[PDB]
file structure-v4.pdb (PDB, C-alpha atoms)
ATOM      1  CA  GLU L   1       0.000   0.000   0.000  1.00  0.00           C
ATOM      2  CA  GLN L   2       2.550   2.635  -1.071  1.00  0.00           C
ATOM      3  CA  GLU L   3       0.329   4.488  -3.558  1.00  0.00           C
ATOM      4  CA  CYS L   4      -0.645   2.047  -6.328  1.00  0.00           C
ATOM      5  CA  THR L   5      -0.319  -1.591  -7.529  1.00  0.00           C
ATOM      6  CA  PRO L   6      -2.627  -2.682 -10.397  1.00  0.00           C
ATOM      7  CA  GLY L   7      -1.997  -0.465 -13.466  1.00  0.00           C
ATOM      8  CA  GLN L   8      -3.891   2.848 -13.225  1.00  0.00           C
ATOM      9  CA  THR L   9      -2.810   5.465 -15.799  1.00  0.00           C
ATOM     10  CA  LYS L  10      -1.222   8.761 -14.680  1.00  0.00           C
ATOM     11  CA  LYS L  11      -2.330  11.661 -16.912  1.00  0.00           C
ATOM     12  CA  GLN L  12       0.758  13.897 -17.250  1.00  0.00           C
ATOM     13  CA  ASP L  13       0.410  15.244 -20.801  1.00  0.00           C
ATOM     14  CA  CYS L  14       3.056  14.089 -23.339  1.00  0.00           C
ATOM     15  CA  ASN L  15       3.695  10.940 -21.310  1.00  0.00           C
ATOM     16  CA  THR L  16       2.222   8.531 -18.748  1.00  0.00           C
ATOM     17  CA  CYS L  17       3.568   7.060 -15.492  1.00  0.00           C
ATOM     18  CA  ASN L  18       1.340   3.947 -15.573  1.00  0.00           C
ATOM     19  CA  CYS L  19       0.960   1.947 -12.334  1.00  0.00           C
ATOM     20  CA  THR L  20       2.594  -1.422 -11.547  1.00  0.00           C
ATOM     21  CA  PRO L  21       2.609  -4.277  -9.039  1.00  0.00           C
ATOM     22  CA  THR L  22       4.552  -2.034  -6.633  1.00  0.00           C
ATOM     23  CA  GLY L  23       2.959   1.448  -6.668  1.00  0.00           C
ATOM     24  CA  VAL L  24       6.043   3.075  -8.285  1.00  0.00           C
ATOM     25  CA  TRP L  25       5.028   4.122 -11.819  1.00  0.00           C
ATOM     26  CA  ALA L  26       7.094   4.690 -14.988  1.00  0.00           C
ATOM     27  CA  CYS L  27       6.995   8.159 -16.542  1.00  0.00           C
ATOM     28  CA  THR L  28       8.484   8.653 -20.025  1.00  0.00           C
ATOM     29  CA  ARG L  29       9.558  12.027 -21.479  1.00  0.00           C
ATOM     30  CA  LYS L  30       9.959  12.550 -25.246  1.00  0.00           C
ATOM     31  CA  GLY L  31       7.244  14.735 -26.826  1.00  0.00           C
ATOM     32  CA  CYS L  32       3.490  15.480 -26.752  1.00  0.00           C
ATOM     33  CA  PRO L  33       1.060  14.058 -29.310  1.00  0.00           C
ATOM     34  CA  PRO L  34      -1.435  16.112 -31.321  1.00  0.00           C
ATOM     35  CA  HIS L  35      -4.365  17.300 -29.163  1.00  0.00           C
TER      36      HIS L  35
END

call {"tool": "encode", "arguments": {"input": "structure-v4.pdb", "output": "structure tokens"}}
result
Amino acid sequence: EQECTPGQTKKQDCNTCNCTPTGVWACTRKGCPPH
């Protein structure tokens, strides 16, 4: 119970942290898609 576990999606514009079986997410940083 750190903050997450399943796989919720983190809206951060241009990228996404995504959730994992351990809270800690993965945020990528490259560019933003067309709105």

call {"tool": "resolve_selection", "arguments": {"input": "structure-v4.pdb", "expression": "the PyMOL selection byres ((chain L and resi 33) around 12)", "output": "VMD selection string"}}
result
chain L and resid 13 to 16 29 to 32 34 to 35

call {"tool": "residues_near_point", "arguments": {"input": "structure-v4.pdb", "point": "(-1.6, 6.0, -1.8)", "cutoff": "12 Å", "atoms": "all atoms listed in the file", "output": "PDB file with C-alpha atoms, in the coordinates of the input"}}
result
ATOM      1  CA  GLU L   1       0.000   0.000   0.000  1.00  0.00           C
ATOM      2  CA  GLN L   2       2.550   2.635  -1.071  1.00  0.00           C
ATOM      3  CA  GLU L   3       0.329   4.488  -3.558  1.00  0.00           C
ATOM      4  CA  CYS L   4      -0.645   2.047  -6.328  1.00  0.00           C
ATOM      5  CA  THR L   5      -0.319  -1.591  -7.529  1.00  0.00           C
ATOM      6  CA  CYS L  19       0.960   1.947 -12.334  1.00  0.00           C
ATOM      7  CA  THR L  22       4.552  -2.034  -6.633  1.00  0.00           C
ATOM      8  CA  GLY L  23       2.959   1.448  -6.668  1.00  0.00           C
ATOM      9  CA  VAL L  24       6.043   3.075  -8.285  1.00  0.00           C
TER      10      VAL L  24
END

call {"tool": "residues_near_point", "arguments": {"input": "structure-v4.pdb", "point": "(0.9, 7.8, -12.4)", "cutoff": "7 Å", "atoms": "all atoms listed in the file", "output": "ChimeraX atom specification"}}
result
/L:8-11,16-19,25

call {"tool": "resolve_selection", "arguments": {"input": "structure-v4.pdb", "expression": "the PyMOL selection byres ((chain L and resi 6) around 6)", "output": "MDAnalysis selection string"}}
result
chainID L and resid 5 7 20:21

call {"tool": "decode", "arguments": {"input": "structure-v4.pdb", "residues": "stretch 13-29 of chain L", "atoms": "N, CA, C and O atoms", "output": "mmCIF file, in the first residue's frame"}}
result
data_model
loop_
_atom_site.group_PDB
_atom_site.id
_atom_site.type_symbol
_atom_site.label_atom_id
_atom_site.label_comp_id
_atom_site.auth_asym_id
_atom_site.auth_seq_id
_atom_site.Cartn_x
_atom_site.Cartn_y
_atom_site.Cartn_z
ATOM 1 N N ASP L 13 0.201 14.513 -19.523
ATOM 2 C CA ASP L 13 0.410 15.244 -20.801
ATOM 3 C C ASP L 13 1.771 14.886 -21.406
ATOM 4 O O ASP L 13 2.789 14.985 -20.753
ATOM 5 N N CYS L 14 1.783 14.467 -22.648
ATOM 6 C CA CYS L 14 3.056 14.089 -23.339
ATOM 7 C C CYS L 14 3.533 12.704 -22.917
ATOM 8 O O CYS L 14 4.196 12.018 -23.672
ATOM 9 N N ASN L 15 3.226 12.278 -21.730
ATOM 10 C CA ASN L 15 3.695 10.940 -21.310
ATOM 11 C C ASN L 15 2.755 10.336 -20.268
ATOM 12 O O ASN L 15 1.738 10.904 -19.925
ATOM 13 N N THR L 16 3.090 9.183 -19.766
ATOM 14 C CA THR L 16 2.222 8.531 -18.748
ATOM 15 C C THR L 16 3.079 7.741 -17.759
ATOM 16 O O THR L 16 4.023 7.074 -18.137
ATOM 17 N N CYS L 17 2.765 7.809 -16.498
ATOM 18 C CA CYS L 17 3.568 7.060 -15.492
ATOM 19 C C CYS L 17 3.112 5.602 -15.425
ATOM 20 O O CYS L 17 3.901 4.712 -15.182
ATOM 21 N N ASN L 18 1.847 5.350 -15.634
ATOM 22 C CA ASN L 18 1.340 3.947 -15.573
ATOM 23 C C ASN L 18 1.631 3.345 -14.192
ATOM 24 O O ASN L 18 2.653 3.610 -13.592
ATOM 25 N N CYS L 19 0.737 2.550 -13.678
ATOM 26 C CA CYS L 19 0.960 1.947 -12.334
ATOM 27 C C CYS L 19 1.504 0.525 -12.479
ATOM 28 O O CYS L 19 1.426 -0.070 -13.536
ATOM 29 N N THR L 20 2.055 -0.033 -11.434
ATOM 30 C CA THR L 20 2.594 -1.422 -11.547
ATOM 31 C C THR L 20 2.406 -2.171 -10.232
ATOM 32 O O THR L 20 1.992 -1.595 -9.247
ATOM 33 N N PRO L 21 2.732 -3.435 -10.257
ATOM 34 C CA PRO L 21 2.609 -4.277 -9.039
ATOM 35 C C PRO L 21 3.631 -3.828 -7.992
ATOM 36 O O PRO L 21 4.439 -4.602 -7.521
ATOM 37 N N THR L 22 3.593 -2.573 -7.637
ATOM 38 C CA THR L 22 4.552 -2.034 -6.633
ATOM 39 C C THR L 22 4.380 -0.513 -6.517
ATOM 40 O O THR L 22 5.309 0.203 -6.200
ATOM 41 N N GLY L 23 3.195 -0.016 -6.766
ATOM 42 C CA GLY L 23 2.959 1.448 -6.668
ATOM 43 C C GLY L 23 3.835 2.204 -7.669
ATOM 44 O O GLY L 23 3.358 2.681 -8.677
ATOM 45 N N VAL L 24 5.109 2.331 -7.377
ATOM 46 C CA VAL L 24 6.043 3.075 -8.285
ATOM 47 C C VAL L 24 5.596 2.992 -9.747
ATOM 48 O O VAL L 24 5.371 1.924 -10.283
ATOM 49 N N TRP L 25 5.462 4.119 -10.394
ATOM 50 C CA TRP L 25 5.028 4.122 -11.819
ATOM 51 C C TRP L 25 6.235 4.319 -12.742
ATOM 52 O O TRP L 25 7.369 4.357 -12.307
ATOM 53 N N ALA L 26 5.988 4.467 -14.014
ATOM 54 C CA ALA L 26 7.094 4.690 -14.988
ATOM 55 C C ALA L 26 6.732 5.867 -15.884
ATOM 56 O O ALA L 26 5.874 5.763 -16.739
ATOM 57 N N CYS L 27 7.352 6.993 -15.695
ATOM 58 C CA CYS L 27 6.995 8.159 -16.542
ATOM 59 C C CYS L 27 8.019 8.364 -17.661
ATOM 60 O O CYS L 27 9.206 8.461 -17.424
ATOM 61 N N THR L 28 7.556 8.442 -18.879
ATOM 62 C CA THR L 28 8.484 8.653 -20.025
ATOM 63 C C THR L 28 8.487 10.134 -20.418
ATOM 64 O O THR L 28 7.559 10.862 -20.123
ATOM 65 N N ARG L 29 9.516 10.590 -21.078
ATOM 66 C CA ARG L 29 9.558 12.027 -21.479
ATOM 67 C C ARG L 29 10.200 12.180 -22.861
ATOM 68 O O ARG L 29 11.406 12.112 -23.009
#
